[PDB]
């Protein structure tokens, strides 16, 4: 009890470079740990956990990354949240997530930005100093063909060569590729009033053009994220209020939102175009702004429990 297991692990982790979570059973309950931050998207969470279990059981090729995934579906429904959460659970921190925006690698000479200029990179140096990391490639269809070839090398041998010719090890990484292809086209067809078979057939040809079977066969799983239900959005709202409540808890102030108040923020904080991205500024504008005035005015004080309900002209604040 005096010297804990984390005490020993942190010594070993410092000398070896292996993260504490890897050194320290918990893979059996990996899905419930990811669900603490990621609401819904059960299929994506199952797929990720299953792949990680195959790797650790010694069932997969050792000369490859831990796992590789393609995440399809719309914007703002949990793709990045899962990647960040995966990094925190597996590698102890969100700093262990490396993000590559492929919109910045569309113009031919972008390969030198990835692996470094010729004798005359961002990804290579990043992974060199963090072997244990989650790498997120966003908007993968935007990538230049030559840039796309470098990604296939990582999938094929779990390593990568840079400018000098020296290798960078990718065997301890998790690769997540994300794309939005098809989702805007569906919204276009629904607004234009196309029948279903029109929308369905047009999505498959667009996916066919960009994602060929030679590429997809290298991946562990292809997962399509779905839009969030009204129930699930209410859970996001409750998660997003966490930091505010912790700030208010220092002055012993409670925020009891009524059921209609959560629906108010949920209706404005979510839409099919941007997903739940607008929610942060909706909370800031509709809740945090008028609450700040109440506190500054002297209506809300130390120890007061506040009821948040909805009338016309936005949210109303009441005290017992």
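Numbering follows the first chain given and starts at 1.
- Deposited sequence between residue 11 and residue 12: no residues lack coordinates (chain continuous).
- The deposited sequence places no unmodelled residues between residue 145 and residue 146, so the chain runs continuously there.
- Annotation for 104 to 112 versus 215 to 223: the higher mean temperature factor (C-alpha) is found in 104 to 112.
- Remark: stretch with higher mean C-alpha B factor among 263 to 271 and 64 to 72 is 263 to 271.
- Considering 182, 158, 189, 78 together, the PDB entry gives 189 the largest C-alpha B factor.
- Residue 248: CA B factor lies in the highest third for its chain, per the PDB record.
- When the modelled residues of the chain are ordered by their C-alpha B factor, residue 199 lands in the highest third.
- Among the modelled residues of the chain, residue 229 sits in the middle third by CA temperature factor in this PDB entry.
- Among the modelled residues of the chain, residue 293 sits in the middle third by CA temperature factor in this PDB entry.
- The deposited CA B-factor of residue 43 belongs to the lowest third of values across its chain.
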